[PDB]
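# Coordinates in review
Okay, here's what each chain looks like letter by letter:
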Amino acid sequence: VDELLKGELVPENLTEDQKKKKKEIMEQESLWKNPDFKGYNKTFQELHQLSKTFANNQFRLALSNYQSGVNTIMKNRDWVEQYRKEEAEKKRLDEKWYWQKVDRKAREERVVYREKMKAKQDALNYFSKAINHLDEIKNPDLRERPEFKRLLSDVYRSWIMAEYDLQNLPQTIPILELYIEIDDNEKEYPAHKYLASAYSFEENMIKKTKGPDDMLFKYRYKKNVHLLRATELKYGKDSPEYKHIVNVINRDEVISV
Amino acid sequence: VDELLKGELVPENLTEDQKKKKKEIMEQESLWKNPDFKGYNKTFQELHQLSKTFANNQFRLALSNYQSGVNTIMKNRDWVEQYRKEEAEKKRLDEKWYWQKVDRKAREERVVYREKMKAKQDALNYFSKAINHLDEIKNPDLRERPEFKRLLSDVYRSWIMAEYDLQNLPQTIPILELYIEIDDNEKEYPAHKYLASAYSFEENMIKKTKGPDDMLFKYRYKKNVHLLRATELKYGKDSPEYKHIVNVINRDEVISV
Amino acid sequence: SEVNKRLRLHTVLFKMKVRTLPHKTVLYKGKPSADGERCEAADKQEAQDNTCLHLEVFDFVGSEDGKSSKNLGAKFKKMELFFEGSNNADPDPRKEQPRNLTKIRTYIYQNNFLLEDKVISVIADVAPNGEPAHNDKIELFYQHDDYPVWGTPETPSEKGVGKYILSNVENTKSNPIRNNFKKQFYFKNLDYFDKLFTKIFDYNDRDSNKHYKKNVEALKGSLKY
Amino acid sequence: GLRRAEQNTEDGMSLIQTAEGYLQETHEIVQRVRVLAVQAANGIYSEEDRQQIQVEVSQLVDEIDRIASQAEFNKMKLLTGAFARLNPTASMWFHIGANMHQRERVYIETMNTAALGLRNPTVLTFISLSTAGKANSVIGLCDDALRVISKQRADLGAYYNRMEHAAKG
Amino acid sequence: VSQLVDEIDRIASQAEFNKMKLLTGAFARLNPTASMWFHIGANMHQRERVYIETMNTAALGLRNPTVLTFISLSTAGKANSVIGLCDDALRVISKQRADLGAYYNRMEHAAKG
């Protein structure tokens, strides 16, 4: 069931009485046909924001950007694999010491790391444009369609993964909490694995900069909740990994005896 | 079959009813015979722009401009061949070191480059007048004749060849596209080889100046179209050259999975 | 033209799984709907019951000036290939023979939000293979601002409006509508989709080459110890 | 008409002169940022030492945005992109003739952090120097930013020189 | 130069006297569209003619009259060859100011008599 197979949000074309209304309105617009008309009051023309054609174009705009952002990530992975292949095949006629190999090997790691972060940044800009297009659809009826929920979760997942590689952990928390509220995404353990790390970053910063204890507990409480939930979804309840995490969480939090 | 060997666009000059019409027409003209007549209303004499004599004279003028431009390019090559001939023949009594000959060689190349670039602009002026001479022919029937398409494509090709040596790549795109809409010229790889370069230049500028992604994609797409088409027309599909170019385009273009 | 013969070769896509698609390109396989006007996407894309190829390329209004993201309108062009008879029994999509085309449907769409202007064009050629000249079996349908209603036949008093066939128009020297139609739109329309169909097959066929090579490469990793 | 067009030409130069004056401060800040990066790119400083350099960049970058927002001439913003070429919201025409259609247009580009490449026009994050690896790539960012400011002052300078001839003529 | 070349075009376009253009080539010598005649006598045929040549960028040589592209200083090779173009342009402007000066001196003698 590929909800994005047809590449649109909602299909478009029944009652004879309704078809009678469509006839007279089209006749009315023909009398008042003025292609140069621009409305001083935008309230009436803003009703087009609720139309299915409007939402269709917004979805196809967001879909257009999402494919661009995934392309940057995937084309980069191809380059890194190809880049390493070429280096091993060229002749090193001026290397007769082990330390020279480490120096040559160290350069490749930096070249690889340099291109990855460049590619990650391009994807995030592409993903961010797609997010704004999705959020300017004002009809809740069309926002519940399986086509919308498929791309909305797909966009957030790609945005979060790119953001975490750029080490912008605190920005993933607001997006991830919206991600796990769509369909059965809350049952995905990676979604709670990322929030386990992201909330740990928040706790460390509050600890480092010596913020309030209330915010310290909140980030610690959220960190343990999603650390446990991620453990349960992957290793199952009452499992040896689950028992270990509960011991860690019990030590990490406060218990009143 | 040589279209230009005839030397005209269309040979101007049957029915006894037509001959009756022609005789009574020339009698009416000879009654109002006034060689000093000049019309205040331009519409009636503009009907002569649809004549066969008007289009014939335009073809002769445009052909004359083409003939002059070709002689400019050809005579330039004759002189450069004669120029390099003289340089290596004359005695060098004050020459006994290597960089003496090398610096003498660099002088000749600079002279050659100046002479060539001057002839390219000198001939291009002829070609541009030919283009405007042909574009004012207002009879669609005569624009489909074999002679017109022979000269129009000949004029287009020389102007594109001259304009390319002047590094005016973006100005060749409109003319190259008009060249591949005449007879079977779309099947020539030189016409498609150039459009691959000219759209690469257009793609470089938008990337350099940080233009919109829309224009970047268009010039990227058009570059790949005429790059692949030229490879097919010279090496064939599923050829070793054709397969290589497809991998090049696949890396460049945006795909989805 | 002989292009429609080459469109017959594109039946290798029915039993080939499609994963690699170019940007803003939609493709699926299905069965004809009621009255065979369009295609309906199948629950399975590998079933032999599929006889229709659906290919769609969508764009945006204002993308020629860098204003695509402004949401000034929508546009897409899609072409559908219709086949008769079932697919071969073997599941391998590489070995497939060319098959006759029932009809070739072209759908042109362009809607401008700001101008409140919409142009929809449908062109179905119900005789693709079988006759070099089939002007009477080439259906056209032009609509503008929801007028006329879908399926309305052309009337003699209003030429070109609504559903009509290619033979109804003239092809005189004064108005070479049919000669221009073939030279300008339809010939180039077929070639673009023809290569685009071969584009998708080559990309996904290449995917099979990579996976076979990948396993061999992973095996060579044991040669170092 | 000739006298009134010469006063119009003076106000044209006065508008142009004011705009180029605002970019003198913008150019100085980027040079201050540029040399700060060359200091941070060296591997002797700790993370706290390169953070204090960032506290300067945070204030320096904010100033550049303030320059573009508040640079005015007769209640008209100039550096915020309202007079750019590609996507204008207004057109600046200087009527320098004594007749009907005698006018010339002036383009003033966007001159804020996003336009200079010091900020992301979508994410809205700006350049940082708190890491040695980041600081080295900022040197190229400032080189591009300087050329953008330098280019625009050349355009403003060319407009003034032309208008000066027209006022003289 | 893009500004300066445009200003030269503007000069010839808007150079006017009593709603008549002067520097657009109308009163030239080869292909005139109008004729400037000064009646400097009390009789029927006492008149003299004045020729004012075209003084825009194309006439000066700063731009190509056909392609409508002007000279560029963006390259050292093109900048070096521009120097001769600007040298010739001044000489063409020099002669025209010399031409008009001889008219003014002649009209001064004629008016005195």
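Residues numbered from 1 in each chain as written, not as in the entry; some residues may be left out. Chains lettered and ligands numbered in written order. Part of a larger assembly, values for the part shown. Heavy atoms only, no water.

Going by the header, the method for this PDB entry is cryo-EM, and the resolution given is 2.83 Å.

## Looking at unusual backbone geometry
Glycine aside, the phi torsion of most residues is negative, and most peptide linkages are trans. Applied cut-off: Labels follow the DSSP assignment, with helices taken as runs of H or I lasting at least four residues and strands as runs of E lasting at least two, numbered in each case from the N terminus.
The amide bond that connects C:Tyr147 to the next residue, C:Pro148, takes the cis arrangement and shows omega of 0°. As for its placement among the helices and strands, C:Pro148 is situated in the loop between β8 (138–144) and β9 (162–165). Despite not being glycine, A:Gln167 shows a phi value in the positive range, around 65°. Positionally, A:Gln167 belongs in the loop between α5 (146–165) and α6 (169–179). Although it is not a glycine, D:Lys75 sits at a positive phi angle of roughly 65°.

## Thoughts on the packing of aromatic side chains
What counts, and what does not: Note on aromatic contacts: the rings of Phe and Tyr and the six-membered ring of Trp form a pair at centre separations within 6.5 Å, being stacked when their planes are under 30 degrees apart, edge-to-face when over 60 apart, and tilted otherwise. Buried means the residue's accessible area, taken with a 1.4 Å probe over protein chains only, is under 20% of the maximum for its type, while exposed means over 50%, and partly exposed covers the values in between. Charge-over-ring placement is defined geometrically: NZ (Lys) or CZ (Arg) within 6 Å of the ring centre, and within 35 degrees of the ring normal.
Overall, the coordinates contain 17 aromatic pairs over all chains when judged by the stated rule. A centroid spacing of 6.1 Å and a plane angle of 35° characterise the contact between A:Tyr66 and A:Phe127, whose relative ring orientation is tilted. Of this pair, A:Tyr66 sits in helix α2 (residues 52–89) while A:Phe127 sits in helix α3 (residues 98–134); the two residues are 61 residues apart in sequence, bridging distant segments of the chain. A:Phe127 carries the same exposure label as A:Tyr66, and that label is buried. In this structure an aromatic cluster arises from ring pairing among C:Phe76, C:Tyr107, C:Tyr109, C:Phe141 and C:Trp150. Positioned over the ring face of B:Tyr40 is B:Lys42, at 5.2 Å from the centre of the ring. The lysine or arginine in question, C:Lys78, covers the ring of C:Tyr107, its NZ or CZ lying 4.9 Å from the ring centre.

## Focus on a positive patch on the surface
The line we're drawing: Patches here: salt-bridge-free residues with over 30% relative accessible area, like charges joined within 9 Å, nonpolar side chains (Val, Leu, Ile, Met, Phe, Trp, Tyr) joined within 5 Å. Under the convention used here, a 1.4 Å probe and the Shrake-Rupley method define accessible areas, while residue burial counts only the protein chains that appear. The term salt bridge refers to a side-chain nitrogen of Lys or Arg lying within 4 Å of a carboxyl oxygen of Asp or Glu. By the counting rule applied here, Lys and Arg register as positive and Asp and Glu as negative, while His and the ends of each chain are not counted. Where a charge lies is defined by one atom per residue type: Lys uses NZ, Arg uses CZ, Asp uses CG and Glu uses CD.
A contiguous patch of positive charge, built from A:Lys85, C:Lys210, C:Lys213 and C:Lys214, is present on the exposed surface. Here the positive patch gets three residues from one element, more than from any other, and that element is helix α2 (residues 177–220) of chain C. Locating C:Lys210 in the fold gives a position in helix α2. The class for C:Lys210 is partly exposed, based on a relative accessible area of 41%.

## Notes on the pattern of salt bridges
All chains considered together, the criterion is met by 75 salt bridges over all chains. With a shortest N-O distance of 3.1 Å, B:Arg229 and B:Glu186 are connected by a salt bridge. Remark: B:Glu186 occurs in the loop between α6 (169–179) and α7 (189–208) and B:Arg229 occurs in helix α8 (residues 213–235); sequence separation between them is 43 residues. Given the relative accessible area of 27%, B:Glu186 is considered partly exposed. Where C:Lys78 meets C:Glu80, a salt bridge forms, and the shortest distance between an N and an O atom there is 3.9 Å. Note on C:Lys78: relative accessible area 15%, which makes it buried. Judged by relative accessible area, C:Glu80 falls into the buried class, the value being 1%. Each of the salt bridges in this network shares a partner with another, and the network as a whole consists of A:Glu203, A:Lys207, A:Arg220, A:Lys223 and A:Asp252.

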